[PDB]
Ligand code: HEM
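In the deposited numbering, the protein residues as written are 58 to 508.
Written out as structure tokens, the structure reads:
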């Protein structure tokens with residue numbers, strides 16, 4: 058069993074707070090920075106145990122902390138983690154993601170970002186308080202280079218991302234941690250936590266035990282553009298009696314793999330079933346297999362290129378073509394206000410909004426990076442399908458090539474959809490979230506005891 062009082066809570070369970078502030082910073086004075094850390098971190102870095110334990114022992118805001126490769130250097134900590142993406146930094150790595158850095162937030166366009174504080178609470182007043190407190194204690198020892206507020210959407214769209222789809226449904230868990238939901242992935246702890254069982258870096262340093270790599274991406278979303286696209290390309294059933302609005306929601310469900318309620322189209326392909334989508338016990342219990350259906354050719358229930366089927370090809374893994382290597386935990390939060398009447402009427406975005414995307418994994422190259430580059434951006438993934446069956450890009454997040462996706466029309470797998478870019482990367486950075494002791498014992502090391 059893992060020491061959940063030593064593991065940063067946002068990795069495994071998520072902060073699950075309505076408001077999440079991301080404080081990206083540069084380190085100006087390592088000695089003064091470590092000094093603050095020595096007392097701040099044991100008092101404020103929120104553990105898994107605190108998040109899942111009694112509400113009585115929870116602070117007003119949860120706080121997590123992660124460092125970039127550049128931050129390691131600024132703290133005189135050797136990067137011996139053996140993660141090539143992490144060491145490169147996301148800006149250098151960005152061509153491999155299909156990013157055009159002309160759309161990046163300026164603060165990310167380099168290696169100036171040394172780390173990030175995650176602050177989760179129920180009111181932006183409290184996250185601002187915790188930020189102000191950090192500013193007061195660090196003083197001139199740091200500079201906040203980017204300060205991003207994210208918030209869960211309001212009302213019955215709480216838990217949904219800005220396109221309207223229920224999010225945070227499918228994430229892996231580990232053996233012995235609570236009860237897995239039907240269809241939920243149960244992966245070896247070393248796929249999420251560095252140094253734990255079946256960590257693919259068998260060489261992993263001891264101090265890194267129970268850390269994880271935090272990938273951050275600011276992903277801007279063009280919601281009216283997306284809505285106008287699916288309306289303009291609305292699908293039809295064989296009966297031919299779908300309205301344009303009904304065919305548009307069908308097409309959206311085919312792009313994602315789920316209806317907006319969360320109902321997986323593999324279980325409910327013809328119409329939304331909001332009771333299914335909302336039910337934790339039903340909404341993830343699928344693997345794309347069906348009696349009488351050829352996994353190699355049948356896209357009538359879910360296109361091979363649907364977002365969730367690109368990023369978690371359950372059928373390929375379930376056939377044993379590979380293992381649980383490529384699962385990772387998402388813990389991001391939507392950012393920006395709701396779509397305004399003007400934006401909707403004009404089919405045009407005027408306000409920045411999107412997803413403050415966070416994904417945790419023991420190997421960046423096996424989680425986020427593989428899901429993006431090897432799968433979403435790969436026009437010949439998934440492999441093992443019929444040799445003439447055209448595939449193309451993930452129609453939600455796929456980039457790097459012409460955004461052509463096949464198989465979205467259930468009546469004609471051959472029909473191509475050229476989907477406008479509705480998600481624009483504003484960049485981010487790769488970080489490492491150490492264990493809580495590692496924060497104090499390594500990153501805040503004030504003396505020079507030899508080892
Ligand atoms: C604004 C950007 C994005 C949006 C709106 C979005 C939306 C969604 C939605 C609605 C789901 C289904 C809910 C769920 O299964 O939990 C989902 C699942 C998922 N997404 Fe995304 N996503 C975005 C970016 C990304 C990126 C960049 C990656 C990885 C490179 C990714 C990987 C995944 C994974 C692994 C799942 C779970 C699939 C499964 O286990 O079946 N997403 N996403």
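Quick reminder that beta carbons are idealized off the backbone N, C-alpha and C, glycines included.
| Item | Value |
| --- | --- |
| Any non-hydrogen atom of ligand 1 within 6 Å of residue 222 CB | yes |
| Cβ neighbour criterion (16 or more within 10 Å) applied to residue 67 | buried |
| Per-residue burial, residue 137 [other beta carbons within 10 Å of its own, 16 or more giving buried] | exposed |
| Endpoints, beta strand (DSSP E) assigned at residue 311 | Where residue 311 is concerned, there is no enclosing beta strand (DSSP E), although the alpha helix (DSSP H) it sits in stretches over 301-313. |
| Residue(s) in a DSSP beta bridge with residue 173 | 81 and 123 |
| Enclosing beta strand (DSSP E) for residue 96 [first to last residue] | Where residue 96 is concerned, there is no enclosing beta strand (DSSP E), although the alpha helix (DSSP H) it sits in stretches over 87-101. |
| Residue from 342, 302 and 399 whose Cα sits closest to the Cα of residue 372 | 342 |
| Member of 201, 471, 455 and 503 whose CA lies at the smallest distance from the CA of residue 481 | 455 |
| Nearest candidate by alpha-carbon position, reference residue 301, set 378, 309, 289 and 295 | 289 |
| One or two residues paired with residue 166 in a DSSP bridge | None, per the DSSP bridge assignment. |
| Contact set for residue 368: own chain, Cβ-Cβ below 7 Å, skip 5 residues either direction | 428, 432 and 433 |
| Element boundaries [alpha helix (DSSP H), containing residue 286] | 280-289 |
| Three-state secondary structure (DSSP) of residue 113 | helix |
| Residue 148 in three-state terms, based on DSSP | helix |
| Endpoints, beta strand (DSSP E) assigned at residue 206 | 199-208 |
| Contact set for residue 65: own chain, Cβ-Cβ below 6 Å, skip 5 residues either direction | 121 and 490 |
| Three-pair Cβ contact test at 8 Å for the region 408-415 versus the region 381-396 | yes |
| Close-in-space but distant-in-sequence residues of the same chain around residue 115 (CB under 7 Å, 5 per side omitted) | 107 |
| Reference residue 437, options 293, 185 and 463, closest by Cα | 463 |
| Given residue 155 as reference, the closest of 496, 497, 501 and 478 once Cα atoms are compared | 478 |
| Selected residue, minimal CA-CA separation from residue 266, among 254, 277, 331 and 274 | 254 |
| Where residue 328 sits in the DSSP three-state scheme | coil |
| Neighbourhood of residue 128 by C-beta distance below 6 Å, restricted to the same chain and skipping five residues each side | 171 and 172 |
| Three-state secondary structure (DSSP) of residue 395 | coil |
| Exposed unless 16 or more other CB atoms sit within 10 angstroms - verdict on residue 487 | buried |
| Beta-ladder partner(s) of residue 487, from DSSP | 272 |
| Residue 174: CB within 6 Å of a non-hydrogen atom of ligand 1 | no |
| Through-space distance from residue 269 to residue 86, alpha-carbon basis | 25 Å |
| Proximity below 7 Å, CB of residue 321 to CB of residue 370 | no |
| Touch test, the region 324-338 against the region 273-283, Cβ-Cβ under 8 Å, three pairs minimum | no |
| Straight-line gap, residue 140 to residue 303 (C-alpha atoms, nearest Å) | 46 Å |
| Residue 411, enclosing alpha helix (DSSP H) - first and last residue | From DSSP, residue 411 is part of no alpha helix (DSSP H) but of the beta strand (DSSP E) over 411-418. |
| Neighbourhood of residue 105 by C-beta distance below 7 Å, restricted to the same chain and skipping five residues each side | 61, 64, 66, 69 and 70 |
| Three-state class that DSSP yields for residue 254 in the structure shown | coil |
| CB contact flag (residue 80, residue 204, <7 Å) | yes |
| DSSP bridge partner residues for residue 482 (one or two, in chain order) | 276 |
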